[PDB]
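Take a look at the structure below.
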Amino acid sequence: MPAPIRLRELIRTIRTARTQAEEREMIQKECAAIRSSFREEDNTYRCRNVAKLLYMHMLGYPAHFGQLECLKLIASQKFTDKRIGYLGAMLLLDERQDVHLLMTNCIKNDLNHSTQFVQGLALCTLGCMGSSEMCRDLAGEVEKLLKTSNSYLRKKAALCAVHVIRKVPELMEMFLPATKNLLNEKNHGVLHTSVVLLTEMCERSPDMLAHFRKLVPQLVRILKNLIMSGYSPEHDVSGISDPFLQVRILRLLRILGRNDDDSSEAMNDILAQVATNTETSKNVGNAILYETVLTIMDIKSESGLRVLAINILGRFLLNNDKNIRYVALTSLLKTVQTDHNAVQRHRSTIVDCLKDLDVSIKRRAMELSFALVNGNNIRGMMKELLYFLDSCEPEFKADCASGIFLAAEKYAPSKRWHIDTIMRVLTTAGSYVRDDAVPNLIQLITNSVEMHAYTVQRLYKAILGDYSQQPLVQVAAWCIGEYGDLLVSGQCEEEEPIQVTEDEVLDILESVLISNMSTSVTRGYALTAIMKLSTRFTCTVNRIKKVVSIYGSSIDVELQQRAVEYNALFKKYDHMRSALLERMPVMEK
Amino acid sequence: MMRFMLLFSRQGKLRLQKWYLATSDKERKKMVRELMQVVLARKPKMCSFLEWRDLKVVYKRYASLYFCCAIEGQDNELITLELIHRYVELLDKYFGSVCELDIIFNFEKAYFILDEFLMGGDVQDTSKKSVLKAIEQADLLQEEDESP
Amino acid sequence: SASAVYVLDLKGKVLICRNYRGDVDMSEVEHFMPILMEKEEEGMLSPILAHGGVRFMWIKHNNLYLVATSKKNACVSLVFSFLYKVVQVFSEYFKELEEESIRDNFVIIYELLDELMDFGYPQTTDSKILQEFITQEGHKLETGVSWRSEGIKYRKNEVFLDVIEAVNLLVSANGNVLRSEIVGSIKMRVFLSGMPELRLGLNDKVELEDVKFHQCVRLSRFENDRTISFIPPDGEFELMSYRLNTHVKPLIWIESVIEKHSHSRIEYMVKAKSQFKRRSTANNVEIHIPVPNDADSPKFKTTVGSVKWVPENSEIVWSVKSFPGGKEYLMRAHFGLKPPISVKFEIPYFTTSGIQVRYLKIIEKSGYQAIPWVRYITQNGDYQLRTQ
Amino acid sequence: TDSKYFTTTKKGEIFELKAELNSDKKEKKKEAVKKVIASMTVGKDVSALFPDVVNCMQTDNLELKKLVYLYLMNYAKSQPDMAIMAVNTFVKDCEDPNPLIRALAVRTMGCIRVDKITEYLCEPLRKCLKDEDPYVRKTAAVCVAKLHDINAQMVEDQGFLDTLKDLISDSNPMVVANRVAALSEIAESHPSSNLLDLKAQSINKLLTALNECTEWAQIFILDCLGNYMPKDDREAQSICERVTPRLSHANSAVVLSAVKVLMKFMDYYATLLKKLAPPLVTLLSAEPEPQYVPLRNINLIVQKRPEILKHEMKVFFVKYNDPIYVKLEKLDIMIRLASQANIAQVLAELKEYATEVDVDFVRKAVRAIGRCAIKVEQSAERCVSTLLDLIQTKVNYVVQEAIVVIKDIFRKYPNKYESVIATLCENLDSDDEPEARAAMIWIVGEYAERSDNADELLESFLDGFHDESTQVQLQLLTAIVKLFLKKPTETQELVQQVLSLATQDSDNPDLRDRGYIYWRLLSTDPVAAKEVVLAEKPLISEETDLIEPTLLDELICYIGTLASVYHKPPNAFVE
């Protein structure tokens with residue numbers, strides 16, 4: 001003869017909880033007594049516990065326990081039991097076709113009730129669980145109900161049918177019937193549902209032509225009506241009427257005028273207006289626009305209109321608050337491959353975003369920006385990309401490298417620049433650049449025979465201060481080697497040489513090997529190079545021989561090996577050195 | 001369409017879940033937590049849209065309470081946002097200057113309200129009142145069940 | 001010396017702590033976990049981690065990482081002793097450390113902590129020598145052959161223990177992880193002599209779906225310390241299996257960019273990143289790229305591996321013999337005039353899961369030795385990627 | 001144009017507690033607060049509650065009184081601003097009749113970081129100190145530093161230091177401990193006063209202070225002796241003959257820091273060294289994590305006076321339970337400790353080791369066998385013998401590393417091992433690593449004369465070139481050449497191809513070179529090249545390893561220190 005706790009009461013009890021262990025206790029002790037309460041299957045209190053349970057669940061606990069009995073509520077006569085019940089269903093159910101049928105049953109039995117909100121629960125629930133078989137059953141029932149004009153219900157129905165379609169594509173047929181009239185209704189609610197209903201319907205080419213040619217004009221009027229006038233204590237949300245309605249509408253308009261002149265040609269008006277006539281104040285509106293734009297895009301329309309659309313997004317970018325800006329970019333990309341020449345009118349501001357404090361934005365910004373790189377463009381944008389790259393965060397650096405390279409590799413002016421930039425990147429990311437770089441860049445240098453100087457030159461400078469970096473150093477050491485000749489304050493064109501004391505050339509190379517920051521491979525290019533100089537200079541031809549012979553004894557099988565090799569070259573067949581080194585071959589793409 | 005929605009506070013405490021697409025319980029809790037962590041984890045400075053598992057998610061921070069949901073890429077993030085703010089709206093005028101606690105103690109209702117605002121992944125009404133007005137009379141019926 | 005003390009839970013998230021000095025605390029601790037992991041990839045797993053000139057002294061106790069912090073040159077020896085002692089204290093106050101435990105006694109901990117040390121230097125502390133300085137008592141929390149015939153032979157005693165993990169994954173252009181599954185298997189192979197009791201120690205780390213052993217196993221004495229003792233049949237058999245559910249950054253990513261028109265030609269560019277701990281590398285990897293049923297004639301150009309084509313099945317196949325982790329290679333191929341792209345790999349001495357076999361003991365009457373070989377492999381194929 | 005829902009101070013959490021806080025019954029207030037801090041730590045926001053909480057100040061029962069404190073406490077470093085607003089409350093609390101209290105008021109005052117603090121607390125400090133209780137003094141002693149470290153000091157401040165020292169040696173219980181360090185740390189910001197720790201009297205103070213047990217103390221004390229000792233012997237013999245108990249005593253920290261000094265101070269020696277032995281050892285039969293640091297130091301140790309455990313090693317073996325880092329260091333050490341009489345066992349063990357399952361280990365382990373043979377020439381074969389011995393196991397991984405080593409071996413003791421060659425190649429497939437393969441190759445090259453097959457072996461790799469670790473591409477090239485210069489007439493096509501590939505079919509600058517280089521050396525004068533390439537090859541030098549002089553002495557000072565582990569100078573840490 002029990003004394004059953006009441007929902008809240010319960011919770012309020014778990015609030016007293018002082019130890020996770022305890023929580024179990026309480027809970028375990030509860031459901032325990034609760035189970036022993038179902039043993040008897042007592043119609044009263046039934047509802048209560050189910051709730052208690054629900055909560056219990058919500059806090060991540062043993063749930064399955066009463067899935068069933070939950071349904072036994074649905075059964076009950078008294079409304080309450082039914083709503084609490086239903087709710088419980090949507091939460092605790094696994095998709096067993098078995099209960100699914102029992103479900104089906106009660107749904108119908110309830111779908112045809114004297115009261116109405118009952119019917120509510122039903123519909124609702126059905127649009128949230130509706131598994132194939134279900135719908136395949138109640139389907140029609142949905143129509144019978146779809147008809148009766150009791151706004152409340154109708155809307156509910158509408159959606160149901162929808163859901164049905166989604167789970168059973170095969171049945172939208174029987175809905176043509178509700179169709180025709182729908183877009184004339186007066187209560188927003190319905191109208192709205194009605195819309196998406198239509199929207200989703202149009203996923204079968206044929207129906208299209210039906211609504212396509214039909215409702216288009218009407219849709220317009222409705223929308224127009226809205227935008228254009230009055231404040232509405234029932235609908236407004238910061239100055240505009242049923243944004244939702246407005247949006248969804250757009251959507252549908254959009255989808256309909258997919259590929260077609262007639263439709264579109266008949267829409268571009270309302271659209272434009274929507275643009276000009278809406279409030280940029282706060283998000284809400286913008287939301288409106290966001291959608292309108294997308295729509296305006298997928299459909300054929302005067303070049304002038306599309307133009308507006310774009311210029312509109314730009315208008316976003318410059319908005320105080322993040323959010324907006326996001327989509328702004330997103331969509332922007334989806335169209336760059338289409339309205340290229342048009343979007344360009346904003347890059348300036350776009351890349352200007354890279355300066356933002358939100359990763360997503362950043363990236364997108366980048367991605368896009370990149371894509372806009374033209375021919376006559378490069379120079380500028382690069383200068384900016386570079387600034388960017390230098391201070392960037394890890395994540396990005398890696399990817400950007402890849403990016404810039406491309407730019408230069410494709411659209412690109414002078415080698416000097418190309419190099420200059422590539423180098424530049426090395427200077428900052430290197431540790432992140434891929435592998436082919438080293439050869440890449442060299443191949444560029446070698447191929448174009450002028451900047452040989454300008455290069456070893458800058459190469460030198462950079463390496464003097466820096467050491468941190470690998471690819472860079474390597475490349476340099478390379479040329480320094482093969483190019484020492486030119487490195488000696490030569491009659492240099494393209495620009496102004498500087499001070500090249502052979503002693504200095506060495507000092508650097510030397511340190512390279514010594515300092516621990518270089519890879520054995522690195523040390524390589526170096527040494528090898530140092531010798532390449534023996535043939536490329538006039539006097540320190542002695543400090544050289546010294547170094548070589550000293551490295552003849554280094555752990556690095558390689559270095560040593562070579563060292564000995566070289567060492568021996570001097571000690572015996574001198575003059576061969578001249579012919580040996582003085583010639584670096586050349587590979588061409 | 002809405003794929004689902006959740007209600008949890010700063011700390012990963014579930015205060016209200018509602019699934020609009022069949023799914024195994026396990027997978028759900030997964031979905032949940034998996035998200036919460038990566039959800040919350042973000043600084044308040046950042047934005048409100050994330051691309052997760054193919055779907056688009058959204059949220060707005062209301063005091064110590066989080067509002068989240070997921071959408072299909074081919075959908076309007078912003079507007080969605082405004083939806084949330086609508087729900088809250090409801091919640092507010094129903095309990096009178098509502099607050100977390102309430103939501104924990106009366107989720108049941110919370111559901112109903114919501115449940116009778118959105119259905120099968122969409123908007124069934126917009127009318128701030130249509131909903132209230134309805135939800136209300138419903139309640140009246142309820143009362144009349146215990147007290148004849 | 002010590003300027004901060006935390007207490008984290010596996011995840012590496014700040015569980016509860018106190019700040020005894022002046023260091024941007026707020027950050028660093030966060031980086032902890034991340035660093036930890038990486039420095040384990042390098043095997044150079046040290047109880048003293050580094051971040052910008054911020055050191056971390058730590059100790060893992062059942063379910064809880066305990067940690068210290070300092071900008072200056074610490075007296076390690078201390079910190080370490082101390083920390084460990086810290087456990088000592090707690091474990092005493094309530095049965096065992098565990099998220100749960102802490103999650104409860106917060107308050108007291110704040111107290112205890114305060115009285116354990118100050119500004120770093122620890123004003124001494126031992127249990128009884130303390131219970132006087134502590135306000136209230138805390139809450140405790142105590143919790144809880146036939147398959148090998150006999151007299152087996154063969155001169156050379158040897159063993160083969162191989163753990164393998166395949167990785168099923170799905171990611172759409174939306175560069176998101178969709179499905180994260182890695183099935184594991186500890187197949188073993190043996191030809192030992194007699195009846196030897198085998199003791200296997202394990203890594204820790206192993207959200208987890210299922211786990212099944214082979215009857216012949218016993219979980220080494222009740223709680224938390226992973227030891228797998230048991231007696232194996234003869235020959236080959238599966239010591240154990242299991243499935244995990246975890247966001248595994250796509251080991252071998254890929255993505256294809258497109259470019260078509262003018263003289264009915266089309267260009268593909270495929271990047272293939274290797275997301276791994278640099279130290280090791282994947283083997284005999286191969287990439288299957290879906291392409292249009294009706295190509296005319298191809299033209300591949302790549303730094304790495306050799307790519308080829310097969311109209312049958314309609315796919316371009318990039319093949320690479322050896323592939324290191326942490327590097328991105330480029331492949332670009334054109335030809336003239338949508339099913340998900342997959343790849344299969346293999347990675348010796350590796351465990352997406354994270355396990356590592358710790359040690360393998362062998363105890364037999366015959367005071368002898370034996371020869372044990374291991375091998376770790378993370379292959380698989382459900383590695384599928386989309387393109388819409 | 002206004003919106004903020006879920007934010008009413010009419011009901012909900014905040015409220016709930018807020019009220020239940022100001023109630024009567026002492027009990028509520030208590031629990032209530034508790035939930036606060038709690039609800040706080042987890043990350044909720046209590047900015048609010050603050051007021052009414054503090055104002056639950058003017059109560060009494062410790063219980064509450066302290067909790068209140070803790071609360072505030074957390075808010076210490078976070079939002080100092082709020083902390084302050086409690087000032088008065090503290091000072092006025094300093095006088096309270098329950099030192100416990102007023103002490104907390106101290107430590108508390110002290111955990112702030114703002115300038116405004118100076119004003120409100122100083123005076124009360126002096127006081128609290130000189131007062132009458134253990135905690136009280138201790139605690140502020142501590143503070144002192146806190147104040148010091150504050151973004152500024154004062155002319156009074158530089159007058160509290162004296163208080164310190166004097167009060168230091170004096171007040172007796174653990175207190176001194178805190179004092180000591182307090183100063184110690186303070187010192188390091190070294191003007192002058194930190195250098196007057198030069199009393200061979202203030203030291204006896206410390207002497208009896210060590211036997212006056214506060215481990216932590218024991219340390220700090222020693223920790224200071226790390227700034228002393230200029231020139232005398234009788235004092236040395238007493239300072240040390242005094243620490244002799246310290247070793248066999250308490251917890252590592254002690255033993256360690258103790259040693260830290262024993263060695264900064266060094267029939268004398270034999271006493272120390274034979275005592276220093278059993279300590280360090282029993283220092284390891286201790287615990288996981290510690291073991292590291294020590295080993296690390298242990299290292300540094302034998303580095304200076306190896307004579308200390310010149311024969312103690314039947315202990316430094318690695319058990320299986322031992323974790324990775326443990327093992328590692330253990331090795332590194334064993335090594336720095338072997339000779340003839342040793343190696344016997346040394347190897348015996350290495351062999352078993354290699355047999356283990358933890359990869360990495362075996363690796364450095366075999367690699368151990370390596371460095372091993374190097375240091376003890378007199379033991380070359382011995383090693384080899386086992387190396388080979390292992391490879392015969394065909395245990396894939398072992399094999400490779402093994403070779404690698406052997407390679408290096410040959411570099412040092414040329415033309416001394418041969419036979420081993422053929423037996424080597426044997427396992428050629430199973431070698432899939434870079435350096436491993438690489439090495440192998442280069443070997444063949446060199447000792448080409450012997451292996452006939454030489455050819456194909458090298459050849460094998462070819463067909464599968466254009467891709468294999470840079471370095472390997474190399475030797476392989478080099479090697480080929482080498483045998484070609486062993487004149488085989490059969491080498492033609494090979495060498496050709498080789499170069500050829502590494503000539504135009506390759507895209508690695510360096511490579512292209514060393515490549516071409518050879519292509520010219522040969523296309524010109526074989527005879528010449530011959531002598532050139534396979535020229536008399538010099539001896540090797542990796543003396544670059546096994547610590548330095550100046551540096552060594554200097555480090556020993558910081559044992560039990562971070563540096564004590566990196567084996568590096570505070571210059572790399574300090575930023």
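As shown in the structure tokens, the chain order sets the letters A, B, ...; within each chain, residues go from 1, and ligands are also counted from 1 in the order they appear.
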
Inset, instruction - Kindly provide, as an NGL selection string, the residues of chain C having any atom no farther than 8 Å from an atom of chain B, counting only C-alpha atoms. - result: :C and (172 or 174 or 176-178)

Export, as an mmCIF file, in the first residue's frame, the selected residues with C-alpha atoms.
```
data_model
loop_
_atom_site.group_PDB
_atom_site.id
_atom_site.type_symbol
_atom_site.label_atom_id
_atom_site.label_comp_id
_atom_site.auth_asym_id
_atom_site.auth_seq_id
_atom_site.Cartn_x
_atom_site.Cartn_y
_atom_site.Cartn_z
ATOM 1 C CA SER C 172 32.792 14.123 -47.085
ATOM 2 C CA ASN C 174 32.874 18.919 -45.754
ATOM 3 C CA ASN C 176 34.406 16.125 -41.406
ATOM 4 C CA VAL C 177 34.836 12.847 -39.670
ATOM 5 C CA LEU C 178 31.598 10.879 -40.119
#
```

When you look at residue 232 (chain A) with a cut-off of 9 Å (counting only C-alpha atoms), what residues show up, excluding the ones that are within fewer than 5 positions of it in the same chain? I need them as a compact mmCIF listing (two decimals) with N, CA and C atoms, in the first residue's frame.
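Output saved as out.txt:
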```
# COMPACT_ATOMS: atom_id res chain seq x y z
N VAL A 237 8.91 40.64 -35.80
CA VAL A 237 10.08 40.22 -35.07
C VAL A 237 11.05 41.31 -35.50
N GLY A 239 10.47 44.63 -36.52
CA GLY A 239 10.18 45.42 -37.71
C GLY A 239 9.73 44.78 -39.01
N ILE A 240 9.67 43.46 -39.07
CA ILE A 240 9.25 42.83 -40.30
C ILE A 240 8.26 41.73 -39.99
N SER A 241 7.44 41.40 -40.97
CA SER A 241 6.43 40.37 -40.78
C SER A 241 6.93 38.98 -41.11
N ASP A 242 6.52 38.03 -40.29
CA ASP A 242 6.87 36.64 -40.45
C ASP A 242 8.09 36.26 -41.24
```

Which residues of chain B come within 6 Å of chain D, and for each one, what is the closest pair of atoms and their distance in Å to one decimal, counting only C-alpha atoms, sorted by chain and residue number, as a Markdown table?
```
| residue | atom | partner | partner_atom | distance |
| --- | --- | --- | --- | --- |
| B:98 | CA | D:6 | CA | 5.5 |
| B:99 | CA | D:6 | CA | 4.5 |
| B:101 | CA | D:12 | CA | 5.4 |
```

May I have the residues from that selection written out with N, CA and C atoms, as a PDB file, in the first residue's frame?
```pdb
ATOM      1  N   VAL B  98      11.313  33.848 -17.434  1.00  0.00           N
ATOM      2  CA  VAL B  98      11.825  32.517 -17.203  1.00  0.00           C
ATOM      3  C   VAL B  98      13.305  32.426 -16.938  1.00  0.00           C
ATOM      4  N   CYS B  99      13.684  31.333 -16.280  1.00  0.00           N
ATOM      5  CA  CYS B  99      15.071  31.027 -15.952  1.00  0.00           C
ATOM      6  C   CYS B  99      15.401  29.555 -15.765  1.00  0.00           C
ATOM      7  N   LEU B 101      16.507  27.174 -13.924  1.00  0.00           N
ATOM      8  CA  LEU B 101      15.826  26.359 -12.924  1.00  0.00           C
ATOM      9  C   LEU B 101      14.514  25.840 -13.473  1.00  0.00           C
TER      10      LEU B 101
END
```

Residues near region 251-256 of chain A, anyone? I mean within 10 Å using only C-alpha atoms, not counting same-chain ones fewer than 4 positions away, as a compact mmCIF listing (two decimals) with N, CA, C and O atoms, in the first residue's frame.
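Okay, out.txt is ready:
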```txt
# COMPACT_ATOMS: atom_id res chain seq x y z
N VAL A 195 3.38 26.02 -47.55
CA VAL A 195 4.54 26.28 -48.38
C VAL A 195 5.52 25.13 -48.38
O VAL A 195 5.57 24.38 -49.34
N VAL A 196 6.30 24.96 -47.31
CA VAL A 196 7.29 23.88 -47.29
C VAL A 196 6.68 22.62 -47.86
O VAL A 196 7.34 21.89 -48.59
N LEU A 197 5.41 22.38 -47.55
CA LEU A 197 4.74 21.21 -48.08
C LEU A 197 5.04 21.25 -49.56
O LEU A 197 5.69 20.36 -50.10
N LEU A 198 4.56 22.30 -50.21
CA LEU A 198 4.79 22.48 -51.63
C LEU A 198 6.27 22.31 -51.90
O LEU A 198 6.68 21.48 -52.71
N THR A 199 7.08 23.11 -51.21
CA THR A 199 8.52 23.06 -51.38
C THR A 199 9.01 21.63 -51.52
O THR A 199 9.51 21.23 -52.58
N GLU A 200 8.85 20.85 -50.46
CA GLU A 200 9.29 19.46 -50.46
C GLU A 200 8.68 18.65 -51.59
O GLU A 200 9.33 17.77 -52.17
N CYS A 202 7.98 19.51 -54.62
CA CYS A 202 8.76 19.74 -55.82
C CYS A 202 10.12 19.09 -55.81
O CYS A 202 11.13 19.77 -55.86
N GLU A 203 10.09 17.76 -55.77
CA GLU A 203 11.28 16.91 -55.80
C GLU A 203 10.96 15.78 -56.76
O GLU A 203 11.41 14.64 -56.60
N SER A 205 10.28 16.36 -60.89
CA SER A 205 10.14 17.24 -62.04
C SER A 205 8.73 17.62 -62.51
O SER A 205 8.43 18.81 -62.66
N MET A 208 6.50 20.03 -60.59
CA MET A 208 7.02 21.35 -60.83
C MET A 208 6.14 22.13 -61.78
O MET A 208 5.49 23.07 -61.36
N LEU A 209 6.10 21.72 -63.04
CA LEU A 209 5.26 22.42 -64.02
C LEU A 209 3.89 22.75 -63.42
O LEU A 209 3.37 23.85 -63.65
N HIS A 211 2.80 23.43 -60.14
CA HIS A 211 2.93 24.63 -59.29
C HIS A 211 3.72 25.75 -59.96
O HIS A 211 3.40 26.95 -59.81
N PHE A 212 4.77 25.33 -60.65
CA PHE A 212 5.67 26.19 -61.41
C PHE A 212 4.80 27.29 -62.01
O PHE A 212 4.66 28.38 -61.45
N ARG A 213 4.19 26.96 -63.14
CA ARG A 213 3.32 27.88 -63.87
C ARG A 213 2.19 28.43 -62.99
O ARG A 213 1.79 29.60 -63.13
N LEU A 215 0.95 28.74 -58.98
CA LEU A 215 1.22 29.63 -57.87
C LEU A 215 2.30 30.72 -57.95
O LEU A 215 2.22 31.68 -57.19
N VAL A 216 3.28 30.62 -58.84
CA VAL A 216 4.29 31.67 -58.86
C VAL A 216 3.77 33.10 -58.62
O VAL A 216 4.08 33.71 -57.60
N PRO A 217 2.93 33.64 -59.52
CA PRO A 217 2.40 35.01 -59.37
C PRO A 217 1.81 35.26 -57.99
O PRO A 217 2.09 36.28 -57.36
N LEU A 219 2.30 33.62 -55.06
CA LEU A 219 3.37 33.66 -54.06
C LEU A 219 3.87 35.07 -53.96
O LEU A 219 4.00 35.63 -52.88
N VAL A 220 4.17 35.62 -55.12
CA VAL A 220 4.66 36.97 -55.20
C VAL A 220 3.79 37.84 -54.32
O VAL A 220 4.19 38.23 -53.23
N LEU A 245 7.98 32.94 -42.75
CA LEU A 245 7.12 32.91 -43.91
C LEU A 245 7.89 33.48 -45.07
O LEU A 245 8.10 32.80 -46.07
N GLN A 246 8.33 34.73 -44.94
CA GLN A 246 9.08 35.37 -46.00
C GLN A 246 10.19 34.47 -46.52
O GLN A 246 10.26 34.20 -47.72
N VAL A 247 11.05 34.00 -45.64
CA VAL A 247 12.12 33.14 -46.10
C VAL A 247 11.57 31.99 -46.91
O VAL A 247 11.58 32.03 -48.14
N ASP A 260 14.81 28.16 -65.88
CA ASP A 260 13.69 28.55 -66.70
C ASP A 260 13.66 30.04 -66.82
O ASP A 260 14.04 30.75 -65.90
N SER A 263 9.40 31.61 -65.42
CA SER A 263 9.40 31.78 -63.98
C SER A 263 10.24 32.99 -63.56
O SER A 263 9.72 34.04 -63.18
N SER A 264 11.55 32.82 -63.64
CA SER A 264 12.53 33.83 -63.28
C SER A 264 12.09 35.21 -63.76
O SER A 264 11.77 36.09 -62.96
N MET A 267 9.98 36.76 -61.71
CA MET A 267 10.31 36.95 -60.32
C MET A 267 11.22 38.14 -60.07
O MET A 267 10.98 38.92 -59.14
N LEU A 271 11.88 40.22 -56.29
CA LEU A 271 13.20 40.09 -55.70
C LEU A 271 13.81 41.45 -55.47
O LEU A 271 13.92 41.92 -54.34
N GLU A 291 18.81 34.73 -47.55
CA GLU A 291 18.03 33.82 -48.37
C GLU A 291 17.75 34.37 -49.76
O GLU A 291 18.10 33.74 -50.76
N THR A 292 17.12 35.54 -49.82
CA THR A 292 16.80 36.17 -51.09
C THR A 292 17.97 36.05 -52.04
O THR A 292 17.81 35.70 -53.21
N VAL A 293 19.15 36.35 -51.54
CA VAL A 293 20.30 36.27 -52.40
C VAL A 293 20.44 34.88 -52.98
O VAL A 293 20.31 34.71 -54.19
N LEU A 294 20.68 33.88 -52.14
CA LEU A 294 20.83 32.50 -52.63
C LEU A 294 19.84 32.25 -53.77
O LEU A 294 20.22 31.81 -54.87
N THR A 295 18.57 32.53 -53.51
CA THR A 295 17.53 32.34 -54.51
C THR A 295 17.90 33.09 -55.78
O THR A 295 18.04 32.50 -56.86
N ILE A 296 18.08 34.39 -55.63
CA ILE A 296 18.43 35.22 -56.76
C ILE A 296 19.57 34.61 -57.58
O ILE A 296 19.64 34.83 -58.78
N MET A 297 20.42 33.83 -56.93
CA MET A 297 21.56 33.23 -57.62
C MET A 297 21.32 32.00 -58.48
O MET A 297 21.76 31.94 -59.64
N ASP A 298 20.66 31.01 -57.92
CA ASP A 298 20.40 29.81 -58.69
C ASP A 298 19.49 30.09 -59.89
O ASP A 298 19.40 29.27 -60.80
N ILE A 299 18.83 31.24 -59.93
CA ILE A 299 17.95 31.48 -61.08
C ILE A 299 18.38 32.51 -62.10
O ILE A 299 18.94 33.55 -61.77
N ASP B 75 20.44 25.30 -46.13
CA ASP B 75 19.49 26.02 -45.31
C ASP B 75 20.02 27.34 -44.80
O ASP B 75 21.22 27.61 -44.87
N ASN B 76 19.12 28.16 -44.27
CA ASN B 76 19.44 29.49 -43.75
C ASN B 76 19.81 29.57 -42.26
O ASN B 76 18.94 29.66 -41.39
```

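Note that CA of residue 365 (chain A) and CA of residue 382 (chain A) are 14.3 Å apart.
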
Legend entry - For chain B, the nearest of the candidates A:156, A:108, A:96, A:72, counting only C-alpha atoms: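 That would be A:156, the residue with the smallest distance to chain B.
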